[PDB]
């Protein structure tokens, strides 16, 4: 059977490998419009920060055309799919070097076209001093342009802009970080967490320009100035846009069911509204467990799992999607910040009524020769007491705790469950009750009044 995979980074690479693994009757073709596949975008900030082995971006690839071709896939780089017609099971594809366009049939189509960076329709985006940050070629451009810059402006303080700002400030660039929200990582963490980060930014010489969106760029002399709606004008050698992503799904607009942003809605086996077209990764919606609904959560975690499920379910509905909790994290200036599920910002934006407790405790006993404060939040349903989300931050790497809370959320466990569930004690690791147990107990006490 003929299987065509459109796009080959995280989701497409996994879909190809799992398909070939489980269906030796599959003749697979991958179309990718870039001149590369299988590049780890999630390593870009460490690469630009000069914090990967030998500063060598070859180590950020987890596959290659030769590897996939030896599995037996027909890998066609610099090829752009320009049409999909679900009713006839055909696509049109353009060779980008020769401009030659061909229509071809498929038995199954896998839409792993991901997302593109959001580029706001404002003056100056065409400047050679404005940089995107999504893919290998973007990364290479930034890494090569670094020696010619001493001042960088980063627009957008989501996960990517937060990491870049840290990465450039640790190399003694002058850094400006600009966002329309009044806090960094506004949608991602409570104020008690982002206040800590802001303090660290200012201690490392980062100029935080918060509360007004960028309205324009203007290239003048060997610099660009970034201009906010409220009148500020910020000069740098270069500027980097980090204001999010949108599903790359124009090919299927009006043809399969989608969220308002274009994310392809799928059943539990990764089929779109058309049975022979699968979607996975940043092209697709996820089943979000905390609100039992479809959501857009463009993370590599979802790309690899969705890609895997496409391969598993290619011919048969064999393995249901477990859904996801938006588990994510970062480490900035040595401090870990992790979260899973819902937070109070996202609850307010969606008119959900939730409860939350915020507590701080040393992760292990004070009699130890060292310990560190862990700041913790737990978000739960006031009526069912089911856990809906949580977040932790410490100088100690508490990241694996977000995975504990993710499993709680997956099983719809309550604050009462978390309060008492067995967790190991040894003073090198924790107090007799683990800090997650203590968090649950604090939520219980709040709920009981």
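Residue numbers count along the first chain shown, from 1.
Comparing 256-264 with 296-304, the one whose average Cα B-factor in the PDB entry is higher: Looking at the record's C-alpha B-factors, the answer is 256-264.
State which stretch shows the higher mean Cα B factor in the entry: 388-396 or 53-61. The deposited B-factors put 53-61 ahead on the C-alpha mean.
Determine which member of 440, 24, 427, 12 has the highest CA B-factor, using the values in the deposited entry. The record points to 24.
Residue of maximum C-alpha B factor among 368, 229, 111, 358, per deposited coordinates: Spelled out: the listed residue with the top C-alpha B-factor is 229.
Ranked by Cα temperature factor within the chain, is residue 163 in the lowest third, the middle third or the highest third? Its C-alpha B-factor belongs to the lowest third of this chain's values.
Among the chain's modelled residues, which third holds the C-alpha B-factor of residue 336? Its C-alpha B-factor belongs to the lowest third of this chain's values.
Taking only the Cα B-factors deposited for this chain, tell me whether residue 170 sits in the lowest, middle or highest third. CA B-factor rank for residue 170: middle third.
For residue 216, does the deposited CA B-factor place it in the lowest, middle or highest third of the chain? For residue 216, the deposited C-alpha B-factor lands in the highest third.
By its CA B factor, does residue 436 count among the lowest, middle or highest third of the modelled residues in the chain? CA B-factor rank for residue 436: lowest third.
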